[PDB]
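A.B. asks: What shape does this take:
(5 chains)
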Amino acid sequence: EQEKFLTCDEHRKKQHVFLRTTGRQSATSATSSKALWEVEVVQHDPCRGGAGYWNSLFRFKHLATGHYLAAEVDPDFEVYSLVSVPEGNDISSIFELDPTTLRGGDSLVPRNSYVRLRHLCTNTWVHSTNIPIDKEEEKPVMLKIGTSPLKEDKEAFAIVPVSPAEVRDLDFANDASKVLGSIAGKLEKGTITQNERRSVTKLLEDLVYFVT
Amino acid sequence: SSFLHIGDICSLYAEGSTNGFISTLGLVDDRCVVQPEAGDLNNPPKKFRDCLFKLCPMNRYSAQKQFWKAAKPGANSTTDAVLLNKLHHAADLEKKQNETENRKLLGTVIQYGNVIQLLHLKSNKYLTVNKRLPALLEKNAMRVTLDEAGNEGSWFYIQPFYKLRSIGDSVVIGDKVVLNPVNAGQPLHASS
Amino acid sequence: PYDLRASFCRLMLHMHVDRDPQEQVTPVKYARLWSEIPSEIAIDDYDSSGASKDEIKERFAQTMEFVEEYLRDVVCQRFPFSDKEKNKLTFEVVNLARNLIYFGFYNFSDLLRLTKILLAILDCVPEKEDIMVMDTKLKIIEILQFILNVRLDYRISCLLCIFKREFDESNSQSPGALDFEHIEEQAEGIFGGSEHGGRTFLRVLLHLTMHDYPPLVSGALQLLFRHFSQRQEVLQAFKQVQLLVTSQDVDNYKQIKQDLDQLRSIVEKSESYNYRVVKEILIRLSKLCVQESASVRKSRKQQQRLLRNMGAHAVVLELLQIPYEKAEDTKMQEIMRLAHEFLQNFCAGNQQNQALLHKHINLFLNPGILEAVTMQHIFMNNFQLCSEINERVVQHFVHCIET
Amino acid sequence: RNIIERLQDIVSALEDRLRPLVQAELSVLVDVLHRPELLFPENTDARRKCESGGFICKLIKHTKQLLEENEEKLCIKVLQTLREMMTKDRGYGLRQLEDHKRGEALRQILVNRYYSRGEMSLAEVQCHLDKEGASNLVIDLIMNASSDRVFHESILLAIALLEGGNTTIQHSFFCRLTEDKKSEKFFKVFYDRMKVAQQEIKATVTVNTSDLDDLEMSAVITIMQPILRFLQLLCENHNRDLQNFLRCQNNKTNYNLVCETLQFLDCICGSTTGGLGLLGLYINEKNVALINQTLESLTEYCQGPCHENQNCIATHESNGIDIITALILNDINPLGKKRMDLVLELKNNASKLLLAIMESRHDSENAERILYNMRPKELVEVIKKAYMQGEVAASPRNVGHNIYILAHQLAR
Amino acid sequence: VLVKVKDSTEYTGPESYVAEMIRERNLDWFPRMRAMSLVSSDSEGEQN
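C.D. replies: Residues are numbered from 1 along each chain as shown, chains lettered A, B, ... in the order given. Right below this line is the structure:
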């Protein structure tokens, strides 16, 4: 019902949730650097992953940074408060999912279905808490999420996909930004070689046909 | 397969401001009543048979409304053995073809945005509403009643309380929906 | 360099008019101050050369014969066309003429004699051509649109004057069929009567009509259709034009004209500047309708009650339809009570507006609590309206007593 | 106070000139749009290419683009001018004769001030107007129609354009509608407007008088007289390709206009009630002009014997064949002076439609669907209908001959 | 005679085809070696 969740930075890496706004009903884009996740299946060996089967023990990895999705016991007041862990072979980051519609044992999850997320290590269901992460500044954009051990149809995340033609553009933009950031400093401290002068010219030529 | 069909026998539960099953006090009376103290999903009331309803398709009250309006003389008092008789025959036969086509829809998955025609099993009376006279205990957007005849205005739109589902999606067992009549345009409400 | 003078004329257009003494004027004005103007010919210029005083005539006069001289030059020695950078100056002098006429700074014969020279530039007879000569062609199209709209005022004023002269020259006034055999010499005399561009008006107009680089041809077809059947709009202008008041008061009517035309924006929409002004404007129009309440309310009520039959009953009644419906106690609950208060106070006169609004009685059906007092103060004492009610409302109210 | 008493007479003595403006607009526009190029300079360079039949073409390609902007009055004035040009039997070069002679005198004055002519007939002016693209104008004007007055004038112009069996311009309508991938909008504009009109008759005007200056119809029901006329003229002669395209368009979504037309015919005159008995309560002097039109429109869908439209009418879900059967068997309850000379045409058109359904089939199912309703009393029906001739085209004996032919076809 | 006497409009489907076959010269709309009372139905093939 509400909006799309992500992870960002306020003081440290804080997995704030939904970044509240108005609208955004699966049609408009969001901050695609932070709102994009990568799904992988465990498959008992580090390679070979693919083809989830409604009981496949999924794991979600952020795309901007190599942080996973996990839950740990909240040091704050009240197994709660989904956070981001740096490295992800542990059992604390294994999530499993069940349909809102009719069930299935293995039925080729059809790329757009609605999903309720269930945690594995503690059998607990995710739920949207309305309290904000940042309590210091007015009209706070950062909201919290949590996990509650009873199941309800209020919270049911949707799996809306992005085609490869947009993640390729995001990768191209990141690489072009890195190359420009290197060459700007290289020309700022001192001179450059003619090979660097030729490399930035074709990239600046490529950016025009990129945008048009 | 865990869907809701035409011909199922369900039990509507209220939750929100007030909780409880929708019952009906008495059988000579035609008032629909919820009560919170009777019970919840964990344990239903002892007189649970009162709270059952049956899912029914469209019934067309076209010649019946004409016959009921003609058989009630306002100021003309024109009773005819050749006009009201064939009007009664027309209403009877269209009621017959109305009930004999509900058996053809006896197994059919309903979707959101359909007409639902609730029928009380104990009283054999449809759950109806009419837009012209208000409630007894309150003013301002009228009560609902029951009658045997199948009043025009017993049609209800089934609409989702959640935006997980949409119009055309099938209705599964156990979800929370909202019911509003087609010609009253106000959702059915459990008061306090 | 001849573009410098174009810059000088661009500066001229924005300096001579400080817009403090002169504002925008319409030529098709109505609701006259009980005008008994005599009947003359087109060179009369009924009041004066201009509406204002003489401080804005002689200073602009030299510019007037200079623009006339430039038009009388471009008509003849620029006969094929002038693509040698003259088009900028022709554009700007045409724009200056267009901006000076809209303050009405001509006599009637002045623009009627300007028309013949003005239409003689156009008769000098896809790959993209210069769009600025297209802009000046659009500019001369809408100056032609303006100059024909004051001819309608000439016709309406002189026809009203002559056919009231034929009234009062043989009158029972302190009959009308005497001039009925003079209709055959005036109705075809002021419009037709063969032997004001004439026979050449259609040629240049069609020539611009199939010439289609900008959308100027929309306006070209507009005055094409407006030229033929001028009788339709001049007769509907007759039927709407005259709102004579015995009292020589225009500001009281002008408030009604300003208010009722303002409600046109609250016809297709309601949302939220409209809520801050609709209550106040019904208060204003109601207090102006209920004026002289301590008097007998016969003469002083009628002397705008007649005037508000033409536009005040077909504004508030469809507002009462109000498609934006919220059933809760909101900020629209006080709007409709003022509307019902007006419907008491507007139709507290005689049987005229009673019979006027009696045929829209089918939209006061359901509530019986707030719209019921309206019918209490509609059928108050009349005889010719309280005897023809068919059995479709009163029995509905009988059943509305129950339930 | 006498001002108010006198300007009513003044405006009456002005509006008595209501006809000279009509004759000064219509003829004076249509003659100059018929011959727009003469006396211009009378030259060769700048005029011979501007009109080779390409001035009205210029106007109609331009005026299709001004619906999206304001001032829809100009568009409907263009439409009514083209429609007044489009018709014929008017404008050829004691209150009914002096007006005509002074009108022709005044238009003669205007044409001699404004002026080997090729005389144009109606059968070729339609082709001339279509060849420059007048079919495209209406077919795009009601596909993207914004106002409500635009639609009515556009379908009136289309009706005046077709005007019988002009198959040279029905080819334009067919050869546009099967392309551009958005004609489903074109069919949707008809389908929803005919769907909402049959809802308005089931709610507002649904009365009967159980007893022994007019209630004029709504603008959504009276609008279907030109809708049904335009659908009838679209398959006028027989038009094999356009008789199936009104039933299935082979698009992503398909609207069956034959089925909903029969639904409208069923609901306008007592659905499910007239087929068993009384139906004269739903029939009166202001309703027959639309029932005749829809009967003729369903007659045109089946002739040129496409076997799909005949199965659609007889065997669809809302059984409307029971009421086109009913009104030739039983008599209409009200009888009057202007009732016999309308019930004759009504029964004649119904019998013609029933003959059109059984044209050449040799198929049992559609015959027994017809035969399921009545008992075999067609013989006593035609006997009574033949002895109704005894007390003395649309004549009483030919109707019974039509039912006799139908019963002969059903007897096998 | 019926084809060549009537209105030239308001007549039905097959009559219009026959009238089209009369104005142009050819006359192969007659049944030349076939009677339609000698044909039979097929059920074995449809069963197959």
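
A.B. asks: For chain E, which segments count as helices?
C.D. replies: E:13-23, E:44-47 (DSSP state H).

A.B. asks: typo on my end, chain A
C.D. replies: Applying DSSP H to chain A gives helices spanning A:164-189, A:194-211.

A.B. asks: Now render those helices as a markdown table, adding mean neighbour count.
C.D. replies: All C-beta spots, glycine's among them, are computed from the backbone N, C-alpha and C. Listed next are the helices of chain A as a markdown table, based on neighbours: other Cβ atoms under 10 Å in any protein chain shown:
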| stretch | mean neighbour count |
| --- | --- |
| helix A:164-189 | 12 |
| helix A:194-211 | 11 |
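
A.B. asks: helix or strand for residue D:243, which one?
C.D. replies: Secondary-structure assignment from DSSP states H and E places residue D:243 in helix D:240-244.

A.B. asks: got the CA positions of the helix or strand following that helix in PDB?
C.D. replies: Sequence-wise, the next helix or strand downstream of helix D:240-244 (DSSP H and E) is helix D:257-268. Taking C-alpha atoms only, helix D:257-268 is exported to PDB below (Å, rounded to 0.1, in the frame of the first residue of the first chain):
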ATOM      1  CA  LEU D 257     -22.900  -4.100 -32.300                       C
ATOM      2  CA  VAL D 258     -25.600  -6.500 -33.600                       C
ATOM      3  CA  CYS D 259     -26.100  -8.100 -30.200                       C
ATOM      4  CA  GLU D 260     -26.400  -4.800 -28.300                       C
ATOM      5  CA  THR D 261     -28.600  -3.400 -31.000                       C
ATOM      6  CA  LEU D 262     -31.000  -6.300 -30.500                       C
ATOM      7  CA  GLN D 263     -30.600  -5.700 -26.700                       C
ATOM      8  CA  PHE D 264     -31.700  -2.100 -27.200                       C
ATOM      9  CA  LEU D 265     -34.600  -3.200 -29.400                       C
ATOM     10  CA  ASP D 266     -35.600  -5.700 -26.700                       C
ATOM     11  CA  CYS D 267     -35.400  -3.200 -23.800                       C
ATOM     12  CA  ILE D 268     -37.100  -0.200 -25.500                       C
END
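
A.B. asks: roughly how far is helix D:257-268 from the heart of the chain?
C.D. replies: Here helix D:257-268 is found 16 Å from its chain centre; the criterion is Cα atoms, centre = their mean, to the nearest Å.

A.B. asks: does any part of that helix sit near chain B?
C.D. replies: No. Using Cβ under 8 Å from any Cβ of the partner chain, helix D:257-268 stays clear of chain B, with a minimum separation of 9.9 Å.

A.B. asks: So which residues make contact with that helix?
C.D. replies: D:187, D:190-191, D:194-195, D:197-198, D:201-202, D:224, D:228, D:231, D:246-247, D:282, D:287, D:290-291, D:294-295, D:297-298, D:301, D:309, D:312-313, D:316, D:318, D:320, D:323-324 (Cβ atoms under 8 Å, 6 or more residues apart in numbering or on different chains).

A.B. asks: 7 Å instead?
C.D. replies: For helix D:257-268, contacts defined as Cβ atoms under 7 Å, 6 or more residues apart in numbering or on different chains pick out D:190-191, D:194-195, D:198, D:201-202, D:231, D:246-247, D:290-291, D:294, D:297-298, D:301, D:309, D:312-313, D:316, D:318, D:320, D:323.

A.B. asks: and it, which residues are buried?
C.D. replies: Within helix D:257-268, the residues that count as buried by 16 or more other Cβ atoms under 10 Å in any protein chain shown are D:257, D:258, D:259, D:260, D:261, D:262, D:263, D:264, D:265, D:266, D:267, D:268.
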